[PDB]
Each structure stands twice: as structure tokens, then as C-alpha cells.
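Single chain ahead, by itself, as C-alpha cells, in the form deposited in one PDB entry.
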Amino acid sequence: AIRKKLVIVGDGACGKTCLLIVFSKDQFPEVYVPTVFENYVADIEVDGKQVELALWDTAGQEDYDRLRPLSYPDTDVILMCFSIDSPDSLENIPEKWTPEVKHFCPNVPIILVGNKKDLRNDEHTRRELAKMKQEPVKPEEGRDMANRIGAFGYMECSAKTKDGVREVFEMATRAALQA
């Protein structure tokens, strides 16, 4: 089992912390949802290869431009996250997060992940966004952003229902193993 490092980046509203928590416990917390994530080393077997995948969050570092890059050394795969209930989180991907990750993590594969996919057809979400002349991110808008930023791929998931979560981390492991 070779060791690989994963870092998740994105706006605070993207749900990155919840995504790492749900994957690391294989469960959405039923009693208490933690505020923070320390680190974790997941044992993953993908396509017959065993990997130890270290997981790291960047939550809390968004306002600190000299502290935040200390999370990047030796990263093997980046999850670049946005929330489907927030077009604003998707707008911040190409001009803020992408040039930063390309500078500190050259040639590292990026997977663009649309989180909170369960809110795409949620009535309360559609009513709230329509007040700002917005609507949930459509799958083609996510794929087009991934294509534009040079992402390795585009994936969607829901930390609330767990759908798609295992697939995201198995694919990140495959991306981390590539030459």
C-alpha cells in the first residue's frame, strides 16, 4: 500500500468539511456533525491497487494567503469543490482557486466536484436562489467549468445521502496513481 495525499479546496459554503467527514466514517453523523476535520488516512483499494490516502481540509484558511499554501506540499490529487445550491461557489473556481492550485500543485490532477446534488430539486433552495436571479447549478454547467479549468474529470455527490461519495474518493485515488 503506497501512500498518496489528497487536499480539498473550495469556498466555505462548498461543503468540503462535511464531505471528508462522511467519507471517513462511511456515515452522515446521526447525533453530532463535527465543526472541524483534523486528518485521516483511508485504506482504499481501487482497480486492484491498495493505497493509503491521506485526507486534508483547507477550511479556516480561506482568508490567510500565507498560511493556506502550507497545506499544498507533496499533494497527489486535488478535489476542487463547489456546491450545486450555490452558483457563487462555482464562479470562484476559475479565477481564484484554479490559478492558486496550478501554481502550488503543478501537474497535479484536479477533480471538480459538485457537492449537495440532493438540493438541485429542493423547493426551498429554488425559492431562495430565485430572489437573487439564480438557480441550482445544472450538470452541463459543472462539466463545462471542469473542461475549461483543465480538470482531470467532473463528478457530483451528496454528503447528506452519501450518493456518489465513495466514487469520488476511489476516482481521486486512481488520479493520484497516474504518471
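For clarity, a rigid core is taken as the largest C-alpha set superposing within 1.5 Å between two forms. In this text, residue numbers run from 1 along the sequence as written.
Below, we turn to the form deposited in another entry, even though it does not appear here.
- Once both forms are fitted on their rigid core, the CA atom of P29 lies 2 Å or more apart between the shown form and the other one.
- The two forms, fitted on the rigid core, differ between the shown form and the other one by 2 Å or more at the CA of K49.
- Annotation: Cα of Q61 displaced by at least 2 Å between the shown form and the other one, core superposition.
- One change in the other entry concerns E30 and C18, whose Cα atoms lie at least 3 Å closer than in this form.
- In contrast to the form presented, in the other entry the C-alpha positions of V33 and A159 spread farther apart by 3 Å or more.
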